[PDB]
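*Asks:* Experimental structure and sequence below.
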Amino acid sequence: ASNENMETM
Amino acid sequence: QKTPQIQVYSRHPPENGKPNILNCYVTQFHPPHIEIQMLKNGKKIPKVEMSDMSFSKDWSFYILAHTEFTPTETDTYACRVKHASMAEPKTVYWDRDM
Amino acid sequence: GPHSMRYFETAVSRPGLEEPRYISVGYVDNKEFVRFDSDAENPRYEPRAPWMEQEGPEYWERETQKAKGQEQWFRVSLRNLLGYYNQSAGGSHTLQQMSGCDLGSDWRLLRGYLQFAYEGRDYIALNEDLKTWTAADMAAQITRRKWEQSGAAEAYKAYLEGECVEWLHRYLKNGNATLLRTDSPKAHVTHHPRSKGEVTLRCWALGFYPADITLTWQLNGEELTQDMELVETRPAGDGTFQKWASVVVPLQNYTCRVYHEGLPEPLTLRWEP
């Protein structure tokens, strides 16, 4: 299962 | 930008008149945008399959292009690559001994 | 780490469009098992390994819904990177991400990974401690500061130590025999004339899996480092790999040694008629 990133760059 | 490395080679050992697969393995390139053409006697082969987009641990992309071919004594095969990193396209010929 | 899981994600900005092209590829022990591509007719995570086909429609829907969020994340992060590097929209740019986990010999978390690249170069990576970041250059410092100041690493730490280890355990159970699976190489030696009083002997290794292999050359049982030429391991396109090694040698009395994890013992080979 993949992850979802949090804060953008 | 990273200039693409090319290997042109048959899937199986070649034999004149026996159907086979001709491969064009393009690696170590960045950006992912690339143009790959396979040629027979200086003419573009229309039926060329491309593997899907993948990248290695060093971030560079790789792609396997291939076409069905029946090698002969006289026919010539090449793979020509167009990429942003190169001013001109790079052509690699198939050598049956490599 | 004996076992590993990674997601290789790419976003390529398309000039003229608000949306970039997004591709995500999942790996178990470096073998592709899932894939998403926003360029597809029906953009959805798809099985890329047979043993994955046992997963139900709630799994693919969930993963696809994640890829939708990732698509938006990379779209914005690409826009922000233009600012940090003073680039214009008119061009194409590449954002890549590699993330996942390594399991130890005890099947526990060995270490988690989270790395980013912009334009083919290291941009920002999460440290082994899973709380501190390594920025590659000065521009990467803006992101590092924005991430420390929001405590972004905590959220990644949790995925890496939890869900990542959990699903890797599942995929190894469901994938059983295909992970440890091997194919022995089929070795042969070709003869090619080179010049006057010299010949080139090529040792081919074909039809092997996994890609790891070692081909060497010997003259009366002695190793040859620099004087030996080889090709990089190349896919045959059928799942197997190829490799060759050659020596330019003056006119038998020459042996080749094939080393592959699929062989019951190493292979030793020499020129035929």
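*Replies:* Received, thanks. Numbering: from 1, shown residues only, chains lettered A, B, ... in the order given.

*Asks:* Centre of the chain to stretch C:195-204, how far?
*Replies:* Mean-position distance between stretch C:195-204 and its chain equals 35 Å (C-alpha atoms, centre = their mean, to the nearest Å).

*Asks:* Now do it: distance from first to last residue.
*Replies:* 22 Å (C-alpha to C-alpha, to the nearest Å).

*Asks:* List the buried residues of it.
*Replies:* Of the residues in stretch C:195-204, those scored as buried under the neighbour-count criterion (16 or more other C-beta atoms under 10 Å in any protein chain shown) are C:199, C:200, C:201, C:202, C:203, C:204. C-betas here are computed from N, CA, C, even on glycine.

*Asks:* which residues does the last one bridge with?
*Replies:* In this structure, residue C:204 has beta-bridge partners residue C:188, residue C:244, where bridges are defined by DSSP bridges.

*Asks:* Quickly note the distance from it to residue C:241.
*Replies:* Computed as C-beta to C-beta, to the nearest Å, the residue C:204 to residue C:241 distance reads 11 Å.

*Asks:* Next: the fifth one.
*Replies:* Per C-beta to C-beta, residue C:203 is found 15 Å from residue C:241.

*Asks:* and the residue in chain B positioned nearest to chain C, how far is that from chain A?
*Replies:* For chain B and chain C, the shortest gap (C-beta to the nearest C-beta) falls at residue B:30, measuring 3.6 Å. The spacing between residue B:30 and chain A, counted by C-beta to the nearest C-beta, to the nearest Å, is 19 Å.

*Asks:* What of residue C:139?
*Replies:* Remark: distance between residue C:139 and chain A (C-beta to the nearest C-beta) = 10 Å.

*Asks:* Neighbours of that residue, how many?
*Replies:* Residue C:139 has 18 neighbours, counted by other C-beta atoms under 10 Å in any protein chain shown.

*Asks:* what do you get for residue C:254?
*Replies:* Other residues lying near residue C:254 total 18 when counted by other C-beta under 10 Å.

*Asks:* shouldn't it be in contact with residue C:219?
*Replies:* Yes - proximity of residue C:254 to residue C:219 meets the contact threshold set by C-beta atoms under 8 Å, at 5.8 Å.

*Asks:* Out of the buried residues of stretch C:195-204, which comes closest to chain B?
*Replies:* Within the set of the buried residues of stretch C:195-204, residue C:202 lies nearest chain B; the separation is 7.1 Å, counting by C-beta to the nearest C-beta.

*Asks:* For beta bridges, what are the partners of the residue of chain B closest to chain C?
*Replies:* residue B:2.

*Asks:* Any figure for the gap between it and residue C:77?
*Replies:* Computed with C-beta to C-beta, the distance linking residue B:30 and residue C:77 is 18 Å.
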